[PDB]
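Chains as they are written, first to last, in our numbering: chain Y, 192 to 266; chain V, 18 to 320; chain R, 5 to 55; chain U, 775 to 824; chain X, 356 to 662; chain G, 1039 to 1261; chain L, 124 to 174; chain E, 36 to 184; chain Z, 4 to 252. Quick reminder that beta carbons are idealized off the backbone N, C-alpha and C, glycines included. The next block holds one structure in the form of C-alpha cells; read it before the comments.
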Amino acid sequence: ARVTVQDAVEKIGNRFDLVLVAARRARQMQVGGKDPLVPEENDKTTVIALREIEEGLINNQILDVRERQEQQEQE
Amino acid sequence: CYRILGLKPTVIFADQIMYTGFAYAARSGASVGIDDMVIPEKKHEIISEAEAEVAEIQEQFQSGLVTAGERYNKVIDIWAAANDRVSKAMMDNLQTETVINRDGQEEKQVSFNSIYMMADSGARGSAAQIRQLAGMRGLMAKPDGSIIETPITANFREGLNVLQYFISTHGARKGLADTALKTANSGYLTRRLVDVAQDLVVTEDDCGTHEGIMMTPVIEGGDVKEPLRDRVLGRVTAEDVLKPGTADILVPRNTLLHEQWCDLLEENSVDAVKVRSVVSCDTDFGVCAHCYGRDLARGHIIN
Amino acid sequence: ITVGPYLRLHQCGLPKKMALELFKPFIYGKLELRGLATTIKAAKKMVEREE
Amino acid sequence: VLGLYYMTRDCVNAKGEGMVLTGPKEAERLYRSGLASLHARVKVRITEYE
Amino acid sequence: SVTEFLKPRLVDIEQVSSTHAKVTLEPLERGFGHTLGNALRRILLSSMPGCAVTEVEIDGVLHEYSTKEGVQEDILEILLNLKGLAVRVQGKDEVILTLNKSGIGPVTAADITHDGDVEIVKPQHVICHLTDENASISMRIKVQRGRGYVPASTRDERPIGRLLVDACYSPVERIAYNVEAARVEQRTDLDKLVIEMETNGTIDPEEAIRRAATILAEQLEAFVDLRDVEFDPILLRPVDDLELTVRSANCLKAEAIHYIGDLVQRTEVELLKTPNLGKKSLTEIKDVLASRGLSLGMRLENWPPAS
Amino acid sequence: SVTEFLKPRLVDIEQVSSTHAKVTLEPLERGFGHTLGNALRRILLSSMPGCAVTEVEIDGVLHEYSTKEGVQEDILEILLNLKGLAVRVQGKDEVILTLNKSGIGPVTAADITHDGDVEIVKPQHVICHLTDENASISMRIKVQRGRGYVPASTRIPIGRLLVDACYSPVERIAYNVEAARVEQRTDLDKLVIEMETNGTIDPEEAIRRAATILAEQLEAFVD
Amino acid sequence: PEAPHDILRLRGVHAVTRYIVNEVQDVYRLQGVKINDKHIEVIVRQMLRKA
Amino acid sequence: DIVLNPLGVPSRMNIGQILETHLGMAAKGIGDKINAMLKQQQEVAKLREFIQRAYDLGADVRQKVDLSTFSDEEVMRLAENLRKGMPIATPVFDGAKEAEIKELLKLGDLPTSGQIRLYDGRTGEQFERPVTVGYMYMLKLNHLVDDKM
Amino acid sequence: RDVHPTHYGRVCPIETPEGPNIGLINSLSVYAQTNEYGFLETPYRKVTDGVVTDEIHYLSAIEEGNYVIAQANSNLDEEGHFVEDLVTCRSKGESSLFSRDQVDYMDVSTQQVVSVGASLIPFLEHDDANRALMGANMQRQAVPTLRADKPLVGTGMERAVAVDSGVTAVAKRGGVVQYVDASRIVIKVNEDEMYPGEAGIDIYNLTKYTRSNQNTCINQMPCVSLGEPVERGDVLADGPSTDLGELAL
Ligand SMILES: [Zn+2]
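Encoded structure:
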C-alpha cells in the first residue's frame, strides 16, 4: 500500500470505489476513535486503511454491517 | 514484463534498469572528439564530378539546346544524386571496423565509434544530423520556398564560409517564427476539441447492440501502412469470427481482443474483423464499456 | 528543477524551506498536540524562530 | 540507453574469450577482477523460468 | 608462504622541493598496491589537519568594500592574499599575529612580528603594496587549527571593523600514486607503491602518511568486531497551584484529577454532568484557567509523562 | 577534536539465507563509505584464502572433447559441476579424492570416498548422471589450497583435464552508499554491503577476515 | 475532393467516420505520431448529435 | 573542474565547443611549459627562445612578433603574464585549422588527439575509453535560484 | 520577420530575440553606417584592372545591386591580383561564379556580416545557426565576478569592446604615473602636450562599489604602477568584467 495500490484495487475491483472506501475507513480511524485491525507500524491512517483492505478485512459490506450492529447496540 | 508479470515487478525492473545503465555508461568513459567525425575520402571526387556535370549542362543551355526550367531541374537532380552518394559513402565508412582475429587473420565488425554508437543505439542523433556533421549540408531553400541552385558542399567539421552561412540563416530564422505560430494555433485547436467533447462519460456496461465497424489493414498502393493487429487490439468483437476455410466459430461474439486473441488471429490469417465502436452505440447520454473497449492506460476494460 | 539519480519512481526531492512554508497549519496542529505549545500564538512564535 | 547498449555488445577478439562460466555471478566476479572483458564471447549456464 | 602476506615498509623519502615529495612503500603483495593507494589518496586529500587565517582587523577600515589611502589593493584583495598565507603553529590551537609596516614598497610575510611558536614557511608571499611615503599599515591577524573547509557564513556579536575569512585548513594540494614492480631477489610478484605529494610546505610527508594510515586503521575496527550493536512546565503543576474554592477543589479531588494537564483535557459537558459541580463552580474553574491562558477541551498525546 | 572522527553507531545485519547477508553501517564521515567499501570489496574478491578443485583425471577420457558412454552430460559439463564443489581441508595443502560409481541415477558429492580431513559442505551437489545400468564412472580429483582465482588459460602428462580454481569463499559481493544525517550534520554516509559465500564460512566471518587482512597491512605506520 | 456532408447523406455514418479517421491518421502517420482510433471516433460521434 | 554530458553535442551540432576545448588545452599546455621554466629559474635566453617558438607557430599567419626589440625586463614581465596560459585569437570566419591546433598540442608535449586517460576518483579504476579533457570559458547567467524559489 | 538578401553587411542575421519580438529587433553590423538620408550602407574595396586596390566606397542597397562583388575568402597575390580565373561573387541578389575581369568590388573583412556580439564567438563557422543565436543572446546576461579572467581563446575583438564601452579609465594625454592608489590616479603630463600657463597633471577618480540598473557592483581597479610611462589612449583602470583592457565575461 506504500508504493502501489494494486492489491487494494483487485480486492475492491474499481479504482474509484477504493478511494471512497479507504476515505471512510481512514476517517473512522482518525476522528471516530476506532482501532486498526492490523499492526500499526508508524503509518498514516490513509495507508493503514489500504493495508487493511489488502488483507480483505474491510470493504463496503463489512463497514455497513458494523455500522448497523453498532447503531443497534447503542439503541 | 508488464503484459506477463503485472505492475508491481515492472516498477522494480525500471528502477534497476536505470541504475545499471547509469553505472555502466559512467564506467565506459564514452566521449566525443574531433576525430570521431570521419569524413569519407570520396567526397572530393563526387563533388568534382557533380560540378563537371552541371558545367556541361550550363554550356548546353548556353548553346541553346534547352530552356531555363529544364536546366534548373537538371541541376537540382544532379546535386541531389551527388548528396545521396556522399551520404552513402559516409555511412558505409563509419559503420564498420577491422579487427585482428584469434588466428592472426582479419575480421570485419561493427564499429565502436562514439558518434556511431550514440546514433545506432537510439540515445541521441538521427542520420541527417550525422550527415550534416560529416557529409555535406546539401540544398538550402530560399525564403519563398525555391531551392537555391548550388548547395552547401561543406559540413560542420570543415566549417562554412560567409556566403553558405548567410544562406543557412534563412531557414534557421523561419523555423522559430513557425514554432511560435504553431504553438498559438495548437492551443486553440485543443481548446475547441475539449469544449466539444467535455460532457461524454462512460455510464453503462452493455447496450446490447449488434452493430459495428469492419476493420481491415491500411494498405495504400503497394505499401501496407498499418497491420490488422495494431487496429483490433483492445476492442470487442461485434460478430462471431469464422475460420477462413471452414465456417467454424474461431472467436465468439463479445470478446475483448487482447494479445493472445490477436496472436490467434494472425496465426489463422484473418484479414477483416467486425468490432464495436462508440459511434454505433445505443446508449443515450454517454457510452457503454463494451462499445469503447480497453482502457489504454491500464490494460483492461474501461471502468 | 534539478536531477536526482538516486530517487525511486514514487519519490521527489523537496527543499525544506518550501516544505516549512507549505505545511504550516499541519505543524501548528502537531506542535499543539504533543504539549510543546499550549496556545496558537506559542506555536506561531516557535515556527517563526525555527527551533 | 547508451550504457545498456554498450554493455550488451560483443567484440571479435576480447580478453577472456572462450571461457565456460557457472553462471552470471562468476561473470560479474571475472569482470570486476579485470580477468575478462565486458564484450568477451563466452558460454554461461543459464536457468530461466516460464 | 601461502596464507601469510608480506608487510610493506617505508623504504625511501625523497624531497624534490620544499613542497613536493615522494614516498615509497615496499614490498606489496599482488593487488594490494592499488588497494592501499586509492584509500591513502582519498584520506590524504580529505582529512588532513592544518592552520589558516580566520579573522583580520585593520587600523582604520570598517568593512571589506572600502579602500585605504596609500595602499594600491582593495580590502577584498588583501583578504584574498591573507587567505593564502602558510603558517605553522607549534604549541597552541589559536594565535594572534601582528603586522606593522610603513614606507613605499611591498608588504610581505617577512614583515609579520616575530613569535616563538609560529613559523612562516614562505617569507616572500606578498600581502599588499604601499605607494605613499607617509602611508603606514597596522593589522592584527588571527590563526587557528582545524581540518576541512569552513566558510564564514556558516559560523556574542562582532564589533564593527572585524573582517571574516573563509578557512581552508588542508595543507595537501595534490596526491598521485604509481604501482611498479619491486626487485626482491627471492620472488617476482612483489610490487612497490610510490606516492607523489604536493603540499603548501606546512606538513611533513611521513607524518601525513602515518596519520592517514592511523585514520584508516581506526575506521576499520568496526568490522573486525562486526556485531549487531517535552511537555510545557505549566502542565506539570499540581491543581493546588490554582486558587480554587473548597467546593470546586473537593469536586476535582473526587474526580481523580490531580494535575493541570489532566484537568485541561476535560471538556465542559463532562464537568457539567458530574455531580456536586454546578454552573458557578465550572465558571470559576474556567476563570482560574483563563487567568493563565488555558482552556478546557484541549488534547494531548502520550500523557502522563511518567508523573 | 581535530584527530577525532565519527564512528558507526547503527550497525545492522539481515540474513537473507544461510549464505546470503546484508550489513548496514551508519553514520560515517563524508566519503568514507566509498573508501571502506572499495577496499573491502577488492580484498574479498582477489585475496581470500581457501581450497578448491584444480584438475581431474577420467579413465575413459583422453581429450577435453571426448565421448563417455552411459553419462547424461558432456565432459565440460562435468568440469562445470566440479568447479562448484565446496570443500574444507584440515592439516594439508593438497589432497586427492577418488570417485567410482556404477549403476543408474544421479552421482552426487556424497559418493566421493570418505576421508578423515577433507569435508563436504553440500553433499547433495550433483556431479553427473548415469543412464545405462552397465556404465561406470571413475575419476580422480585434486584439491589444492590457495587464494583468489586462477584461470586455466594461465596455467600450462596425458589426460590431465584442467579446472578453473576459485579458492576464495566469496560468491558475490557488492556495496552501496546512501545519505545519512545527525541532528545537525546533513551530508554523512551510510554503507550497505550485500554478500554471499559458498557455505564454507558465514558472510560475517568473511567480512571480519577481510578487515583483519587490511588492518594487518598498515602496522608499520599506525600509531 | 469529396465533402463529408455528402458522404454522410448518401453513404451513411460508417462511411463518414471511416473517411475522417483515415484522413486524420494520414496527417498524423507521416510524422510518426501514434494515436489510437478511439479518440477520433468519440469526436466524430460528438459531431453527429443533431437530427 | 566540470563534467559535461557528451550526448548534448551531436544532436545540437554546435561543434565549436569541442574545437574550443582542444585549443584551450593547447594554450594551457604552453602556459604550463612557461610556468615550469619560470619556477626553476632559467636564463632569459631560453625563455625568449621558447616564447618566440610559440609565437612563430602557424601556417602563414598575418601577425609578426619580434622579441629582439624587447628588453629583458619586458620579456620577463611578458613571461610572468603568460604563465597561466597563452591567450589565442581566432577570427569568426578566418580561424585556426585542425592542423594548427595539433601542431600547438605537439609543442606542449600533449596527445594530438586531444583525449587522455582518466581514472575514477572513488575506485581508482581507469575508464575504458579515452576522454576529451580541455579548457572552456564558462559564464554565470543572471538566473539565480535565490530569486526563483 | 525574415532575412532579406539586402541585410548583407548592414543587419546581423544571427542576433535577434527569440520569442514574440523575433525579426522585429535587430542589431547593427560591425562596419555599417548611414547615409545623409538615413539608409544603411557598407564598405567595399574597389577593383580596377583586376587589381584589388585600397579605395573604400560605402554602398547602399540601391547602389549595390548593380555591381558584381567578390568575397573576402578570395586568395590574392602580393601585388593585389586574384589567383583563379573564376571567383565567387554576388550580383542582383544571387551568387555564382564570375571571371576575373567581371568583378567590380570586394568585401573588406570576413567579419563584415556579423554584429559585435556574434563576432566574439570563436569557431562560429562550426556551429549551427540556432545554437549561435542562443549563445549570442546568452552572452550578454552574464554577471561579473570577484576577479576577471581573460578568455584564453578569443577572437581579437575584446579590446575594442572593452575600450569603446566607456567602463575603463583611458589616458587623455601621455605622461608618467606620478601617483597611484586604489581610488585615484595622478598622471604627470609631458610638456609636449601641455597647454600654455598650466600645471600639467591629470587626475582620475575611480568608481568604487557603485550600484547598476540591475543591482550589481560597478568597481574600477588600477592596472598601472608608480613611475611607469603611459601613452595617449592606454588603459589606466579596469572596469567590471575587464582584464588589462580586454573583455572578460
Ligand atoms: Zn454500446
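Closer than 8 Å to the CB of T796(U) there is at least one CB belonging to chain G. Taking the beta carbon of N1172(G) as reference, no residue of chain X falls within 7 Å; the closest one sits roughly 44 Å away. The C-beta separation of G66(E) from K119(E) comes to about 5 Å, placing the pair in contact by the 8 Å criterion. The DSSP-derived three-state label of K63(E) is helix. Legend: CB atoms of the region 108-124 of chain Z lying less than 7 Å from CB atoms of chain V belong to residues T113 and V116.
By the criterion of a C-beta distance shorter than 7 Å, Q620(X) is surrounded in its chain by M653, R654 and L655, once the five residues flanking it on both sides are discounted. Nearest to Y823(U) by C-alpha distance, out of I169(V), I21(V) and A255(V), is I21(V). The C-beta distance from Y420(X) to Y212(Z) rounds to 5 Å, short enough to fall under 8 Å. Your pair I430(X) and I482(X) does not check out as a contact, with CB atoms roughly 12 Å apart and the cut at 8 Å. From the beta-carbon of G59(E), the residues of chain Z found nearer than 8 Å are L155 and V156. Under DSSP, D546(X) takes part in a beta bridge, and its partners are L383(X) and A536(X).
What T158(E) touches in chain X, judged by beta-carbon distance under 8 Å, is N393, going in chain order. Using a Cβ-Cβ cut-off of 8 Å, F586(X) counts as an interface residue toward chain R, since at least one Cβ of chain R sits closer than that to its own. Around the beta carbon of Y40(Z), fewer than 16 other beta carbons sit within 10 angstroms, so the residue counts as exposed. Neighbours of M48(E) across chain Z, judged by C-beta separation under 8 Å: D130, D131 and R134. Nearest CB-CB separation between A314(V) and chain R: not below the 8 Å threshold. If you check the CB distance, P199(Z) and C220(Z) do not come in under 8 Å.
Between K25(V) and chain Y, the shortest Cβ-Cβ separation is below 8 Å. If the five residues before and after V253(V) are omitted, its C-beta is found closer than 8 Å to the C-beta atoms of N271, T272, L273, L274, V292, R293, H307, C308 and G310, all from its own chain and listed in chain order. Inter-residue distance for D95(E) and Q114(Z) is about 20 Å (C-alpha atoms, whole angstroms). Within chain G, no residue has its CB atom less than 9 Å from the CB of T453(X), the nearest being about 25 Å off. Interface flag for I65(E) against chain Z is unset, since no Cβ pair is found closer than 8 Å. Between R1183(G) and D1131(G) a beta carbon distance of about 4 Å is seen, short of the 8 Å cut, so the two are scored as contacting. Scanning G458(X), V549(X), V444(X) and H484(X) for the CA closest to the CA of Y524(X) turns up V444(X). Under the Cβ criterion of 8 Å, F173(V) is counted among the residues facing chain Z. The Cβ-Cβ distance between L58(E) and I136(E) falls below 8 Å. Here the region 72-82 of chain V does not lie against the region 13-33 of chain Z, with fewer than 3 beta-carbon pairs under 8 Å apart. By the CB criterion at 8 Å, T147(E) and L153(E) fall outside the cutoff. The Cβ of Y524(X) sits no closer than 8 Å to any Cβ of chain Z. Contact of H480(X) with chain E is not assigned, every C-beta pair being separated by 8 Å or more. Taking 3 residues as the minimum length, the beta strand (DSSP E) runs contained wholly in the region 159-215 of chain Z are 178-183, 187-192 and 204-208, in order along the chain. 8 Å or more divides the Cβ of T45(Z) from the Cβ of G83(Z).
Counted as a single uninterrupted DSSP element, the alpha helix (DSSP H) harbouring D195(V) occupies residues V179 to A214. The set of residues with a C-beta under 5 Å from any non-hydrogen atom of ligand 1 comprises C224(V), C298(V), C305(V) and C308(V), given in chain order. As DSSP reads the structure, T453(X) sits in a beta bridge with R495(X). By the rule that beta-carbons nearer than 8 Å mark a contact, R12(R) touches chain V.
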